[PDB]
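Read the single chain below, which is given as structure tokens and is the form deposited in one PDB entry.
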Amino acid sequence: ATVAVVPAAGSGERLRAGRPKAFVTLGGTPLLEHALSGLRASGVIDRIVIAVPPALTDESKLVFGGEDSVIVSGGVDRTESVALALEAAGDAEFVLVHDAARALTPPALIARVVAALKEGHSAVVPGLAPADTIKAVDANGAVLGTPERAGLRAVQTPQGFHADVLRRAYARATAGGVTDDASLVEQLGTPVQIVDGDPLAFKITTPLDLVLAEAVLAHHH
């Protein structure tokens, strides 16, 4: 079985809409509901735990809450929100951590991440070739190097894990700042396997990204 943990507790500062980003609409439906729909449509998710902004917990339990759909208060940062949500994950052998902000993630991608876990990988992350050339820079913006593009991946969510591995990794988390779950698992020396991602699993962060997402939804309508 697979449980999805959905961090949806951020304030959406960069989205500029005056409300937490999970509750901004896309085609008239909140981003959170899009993310939940993708998870349910994949057919491979047995349980969902959603971390929401703390003040909205009670209202969220009423709107989004249900038997296989558990609301928890989120934390100060994404790492804390995921840690809190893991307390409610239950006994599923696999955990997928999926940003509510990646609202148009295709159910296909979710299914592929679970399939790779079931195959035997302990940690599975979707990734794509970076669209732009990546350069390493120093603190003043001077280029230090241009890593080989073929060996880089821009990663997305859901990031999938054997549950025991993810719990171990989060039990070692310190201070936060990290918003990539795989990084915590890498610190245990657990192998992390990249699988093909999907350009539609982009993270909605700014008003431009929402314009883009509206365009995608309208084009696939």
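Only the largest set of C-alpha atoms that superpose within 1.5 Å between the two forms is called the rigid core. Note that residue numbering begins at 1 and tracks the sequence as displayed.
Stretches 70-78 and 105-113 differ in mean C-alpha B factor, with the higher average recorded for 70-78. Averaged over CA atoms, B-factors in the entry run higher in 211-219 than in the other of 1-9 and 211-219. Per the deposited record, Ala139 carries the highest C-alpha B-factor of all listed residues (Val143, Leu86, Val124, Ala139).
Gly160 sits in the lowest third of its chain by CA B factor, as recorded in the PDB entry. For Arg167, the recorded CA temperature factor ranks within the highest third of the chain's modelled residues. The deposited CA B-factor of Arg40 belongs to the middle third of values across its chain. Among all modelled residues in its chain, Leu56 ranks in the middle third by Cα B-factor. The deposited CA B-factor of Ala129 belongs to the highest third of values across its chain.
If you look for the form deposited in another entry, you will not find it shown, but the lines that follow are about it.
A displacement of less than 2 angstroms separates the C-alpha positions of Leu212 between this form and the one not shown, with the rigid core held in common.
Superposition of the core reveals a Cα shift of 2 Å or more for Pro20 between this form and the one not shown. Note: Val52-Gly18 Cα separation is 3 Å or more shorter in the other form than here. In contrast to the form presented, in the other form the C-alpha positions of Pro158 and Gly18 draw closer by 3 Å or more.
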